[PDB]
Amino acid sequence: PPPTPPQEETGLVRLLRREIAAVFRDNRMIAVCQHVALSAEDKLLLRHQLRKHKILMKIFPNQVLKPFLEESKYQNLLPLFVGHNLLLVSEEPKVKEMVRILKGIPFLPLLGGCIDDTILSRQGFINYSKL
Amino acid sequence: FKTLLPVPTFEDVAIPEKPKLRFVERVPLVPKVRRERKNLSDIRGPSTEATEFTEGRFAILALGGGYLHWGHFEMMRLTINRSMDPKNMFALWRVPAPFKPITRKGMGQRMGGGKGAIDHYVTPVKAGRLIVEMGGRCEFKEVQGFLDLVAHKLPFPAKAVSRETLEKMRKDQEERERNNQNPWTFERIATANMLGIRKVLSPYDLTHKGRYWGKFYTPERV
Amino acid sequence: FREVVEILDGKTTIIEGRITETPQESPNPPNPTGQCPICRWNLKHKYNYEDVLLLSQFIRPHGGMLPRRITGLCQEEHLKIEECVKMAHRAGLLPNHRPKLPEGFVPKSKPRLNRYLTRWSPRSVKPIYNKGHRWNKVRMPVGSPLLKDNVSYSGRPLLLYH
Amino acid sequence: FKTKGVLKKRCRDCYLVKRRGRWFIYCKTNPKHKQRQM
Amino acid sequence: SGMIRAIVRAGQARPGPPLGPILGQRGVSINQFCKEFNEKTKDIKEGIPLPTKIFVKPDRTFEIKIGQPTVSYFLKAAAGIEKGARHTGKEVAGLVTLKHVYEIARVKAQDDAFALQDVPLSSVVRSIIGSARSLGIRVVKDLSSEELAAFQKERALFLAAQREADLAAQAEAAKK
Amino acid sequence: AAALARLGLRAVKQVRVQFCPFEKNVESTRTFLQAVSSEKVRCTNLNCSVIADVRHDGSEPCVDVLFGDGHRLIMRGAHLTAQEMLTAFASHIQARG
Amino acid sequence: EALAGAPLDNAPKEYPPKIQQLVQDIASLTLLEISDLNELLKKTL
Amino acid sequence: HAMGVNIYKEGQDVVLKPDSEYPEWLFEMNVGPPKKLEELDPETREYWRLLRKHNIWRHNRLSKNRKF
RNA sequence: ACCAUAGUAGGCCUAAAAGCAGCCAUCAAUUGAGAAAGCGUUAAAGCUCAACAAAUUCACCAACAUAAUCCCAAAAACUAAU
Ligand SMILES: [Mg+2]
Ligand SMILES: [Mg+2]
Ligand SMILES: [Mg+2]
Ligand SMILES: [Mg+2]
Ligand SMILES: [Mg+2]
Ligand SMILES: [Zn+2]
Ligand SMILES: [Zn+2]
């Protein structure tokens, strides 16, 4: 191969890195939920039902999310992000209220997550909920 | 995910009034009475005049030699005028209106009897000359798209070019000729009259260097 | 090499992937720095349509070419190998790489015309009725121009048209 | 079908195929877009 | 069978175009909708045309959702003008301040579209300012005394320009 | 996801997808999930439910689909590719139904 | 550093080291430090 | 309808709050100068919004030649 | 492959101009989607493009019918050729 042409970070990449660092700092509950194709109406309704319990949703590209997460303390979440995904952000978490809405839609799975530094599968969220 | 790129911005482009192409006249206002002999030598070989850009960044470039008559001008004018945004683009004639008288005889005449009568006028165009020059706040690609039509409908072979494209192909042209592996170039042989080759060559060849033959120009010829 | 199996049991159908053993690249290549599979074995400009042992390594059990990103061939050499495989098929080499169809082996056709180095496909070619004289002559293509860089031991270039 | 010297797609549904040693343009939506290179 | 967007004036609903060709083509009763729509919109005496979302069902029955009135109206009223600028940004139509945009904003915050969006009022105000840009209406930070110095100048200039435009439109109607 | 919409999913009863997020091999089954869960295929028939079974320990990803032929099609994605599952799904569940 | 690997339903018998060393530091105290402990936890919570 | 507002009529047709009642953001928003590309900081999100917009405009201009 | 929701039928002229006879601005929500690059409508509605996310072998241009008694050497891709 030709010698190595190092690529340079854009402002986009740095803004995303900053934003994601802040995202992992602030919210106590970060729940990975596979992004699923819905009507715009239904996605808006979902965002609003999350607005009622104050929970926020966020979406980042795998491109800039994966290296950040493999260098992060959170690297055990790497196998989760291989497909499409949606990041559920919660400050001052109540999990049972998120599970309430996720229950309404059967085809919209909750996969992994971390609640107050505790990395859990869906069953861990079912357990944290009943608590 | 794909990262963006800075878009080319034109703050420096000043659009002139009457951006569209001027109407050109079928016959000059002072019609030539005296019938001229036909230099074919004005179509022949490389072009001297009009080889460079002036205001605009795009052009139609003539790869052959030829004659442009009024029909051609009409074609270019109409096509370019309705294919451009008069706000964002302007065009310019790099070619004079047809000045050169060309004769005919009535079909069915015997040979001899005199010269003919003046049928129409034309403009001579030598290979390497810009026909039409378009500037604007445009990117090259749009202009290229519709300019290639006009280019294709001209008598000679022709291309659509930008400043970048032109300098690209000139540097490529000279780089091809300093790369050349075989010792034997048309120049080297002709100038030194090797094999008495001058016998078969024209004098003009010493300048043309085998790149131009008649009105034809083949760029591949080093 | 991963087989996909399908079973029908009592109105329930099971489809499952199953992995078999893949042979591996031979231990010691002559030009290990070499990028492309052909080139690190020093086969560049050497293999011809005739070399089957090489060609059969990229294709499918049913006779078609393997895709490039899987094989890893330099683009150029991929095209070359593809040409050669077409030619080899047509030449009646790799008889075991056709698809198997229990009915169609029975209905004989006029015994296969022996051919080799055939660039086009037999069905696509119009007979040339007009030939033409010495100065304008219709020539019949033989082999492919993709191979015109093969090493010539005679020194005379291969003849691609007659 | 029209025999043409230059083939070009007249819509997004045209596809471009090499058969019987020629190039073709087949279109399922508008059959009028069919073209056979000469 | 689908949805319909209908922008309709306050106390005005009539069994003719737009409603006749639009709702009549879907196979929906025009009079029932005029009745219900007027029932709901007779309670707004502010006289504001509202965009409304009409869901038209497969059985030819229907449902209706009334939204906040158009920003074009709210701003036409905020600047006190009638019609917006002919050439926008080249000329001015009317003038407003922070207060107008803020009021119109916390009014349109309950709109169907901005309801589901949790966006603060700063965002909606951004939207309304943007909608003002194209309507020919100019914002100013603190304009009040100069709001009236303006209105007494600006209105005279808008009357001058509207009379000049009406005269030139008479001359261009005659030349045509 | 487009080829499923054209094919009229209304012949199906119940579709569940059982997979294990932390395994390395589950991408295929996930792709299948997001292809069936899309609005087109989901709105072709409302009589069909799509259930996502998410477990950590199960260790074997699987797809089970019942339809009104009295038929049960179970494809275990392990080494199977997404569009192989979707093509199998198509030719199986359309030609029969 | 890295975080936990999330064991789950089918087989998880495993409780954390922290809980065990805490119940071990609780079991090693005399009842005067058990009543001290109880008071210091009753006040804060 | 039609309404002619003066300093008497613009305040009488509306309820206009005091200047201490109105939020901060209302004064910060740019009235008439829509921002340019050079002006914005490349480390700000809005810059990239604008760049995206310009990229779209560019693509749109380049697509003027579509045969389809 | 994939996907499309927001002020809003943006302001005007016109019987109607709802992204898309024309003229002027071209702002603004959302991670993300132009006051819209093509089709479409009487005005819509409706299809696509660019946008997110998903991914990523390579992809700029290049192709062009024919004559009159009967086609017109035969043939041939390697054993070493300045
Ligand atoms: Mg020509
Ligand atoms: Mg934006
Ligand atoms: Mg797209
Ligand atoms: Mg013919
Ligand atoms: Mg013969
Ligand atoms: Zn290679
Ligand atoms: Zn077509």
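Of all residues in segment C:46-58, those satisfying the criterion of being surrounded by 14 or more Cβ atoms within 10 Å (Cβ to Cβ) and within 17 Å of C:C74 (Cα to Cα) are C:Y47, C:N48, C:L54, C:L55, C:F58. Residues in segment C:59-75 that are surrounded by 12 or more Cβ atoms within 10 Å (Cβ to Cβ) and assigned to a helix (DSSP H, G or I): C:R68, C:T71. In this entry, G:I19 is excluded by the filter for residues that are out of contact with any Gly (no Cβ under 6 Å at 6 or more places or on another chain), surrounded by 10 or more Cβ atoms within 10 Å (Cβ to Cβ) and assigned to a helix (DSSP H, G or I).
Highlighted here would be helices (runs of 4 or more DSSP H) found entirely within segment B:152-213 that include at least 3 residues which are within 14 Å of chain D (Cβ to nearest Cβ) and either of a type in the set (D, E) or within 16 Å of ligand 2 (Cβ to nearest atom) (or both), but there are none. Is segment E:52-65 home to any residue that is outside any loop (DSSP other than H, G, I, E, B), under 16 Å from E:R9 (Cβ atoms) and charged (D, E, K, R)? No - not one qualifying residue is present in segment E:52-65. Could you tell me whether A:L46 is in contact with a strand residue (DSSP E or B) (Cβ under 6 Å, 6 or more places away or on another chain) and within 29 Å of F:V65 (Cβ to Cβ)? Spelling it out, it is not the case that A:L46 is in contact with a strand residue (DSSP E or B) (Cβ under 6 Å, 6 or more places away or on another chain) and within 29 Å of F:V65 (Cβ to Cβ). Scanning segment A:60-96 for residues that are among the polar types (S, T, N, Q) and assigned to a helix (DSSP H, G or I), we see that the one that is nearest to the other protein chains (Cβ to nearest Cβ) is A:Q63.
If you scan segment E:3-30, which residues turn out to be assigned to a loop (DSSP other than H, G, I, E, B), polar (S, T, N, Q) and over 20 Å from E:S72 (Cβ atoms)? E:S29, the sole residue that qualifies. Just one residue in the set E:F74, E:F33 is assigned to a helix (DSSP H, G or I), closer than 22 Å to H:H1 by Cα and in contact with a helix residue (DSSP H, G or I) (Cβ under 7 Å, 6 or more places away or on another chain); that residue is E:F74. Taking (1) closer than 30 Å to E:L98 by Cβ; (2) in contact with a strand residue (DSSP E or B) (Cβ under 8 Å, 6 or more places away or on another chain) in turn, E:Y73 satisfies each apart from (2). Among the conditions (1) part of a helix (DSSP H, G or I); (2) closer than 15 Å to F:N25 by Cβ; (3) of a type in the set (A, V, I, L, M, F, W, C); (4) free of Cβ contacts under 8 Å to residues at least 40 places away in the same chain, the only one that F:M75 does not satisfy is (1). One residue stands out in chain D among those that are of a type outside the set (F, W, Y), within 12 Å of ligand 7 (Cβ to nearest atom) and part of a strand (DSSP E or B): the one that is nearest to H:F68 (Cα to Cα), namely D:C14.
Of all the numbered requirements in (1) more than 10 Å from chain E (Cβ to nearest Cβ); (2) touching an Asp or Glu at 6+ places or on another chain (Cβ under 8 Å), H:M3 misses one, and that requirement is (1). When you check H:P18 against the structure, is it in a loop (DSSP other than H, G, I, E, B) and more than 13 Å from chain E (Cβ to nearest Cβ), yes or no? The answer is no for H:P18. Kindly establish whether C:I15 is in contact with a helix residue (DSSP H, G or I) (Cβ under 6 Å, 6 or more places away or on another chain), more than 16 Å from RNA strand I (Cβ to nearest atom) and not in a helix (DSSP H, G or I). The answer is yes for C:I15.
Neighbour counts are summed over all protein chains in view; Cβ atoms, including those assigned to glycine, are modelled from backbone coordinates with ideal geometry. None of the figures in this text is laboratory data; all of them are computed from the coordinates on show.
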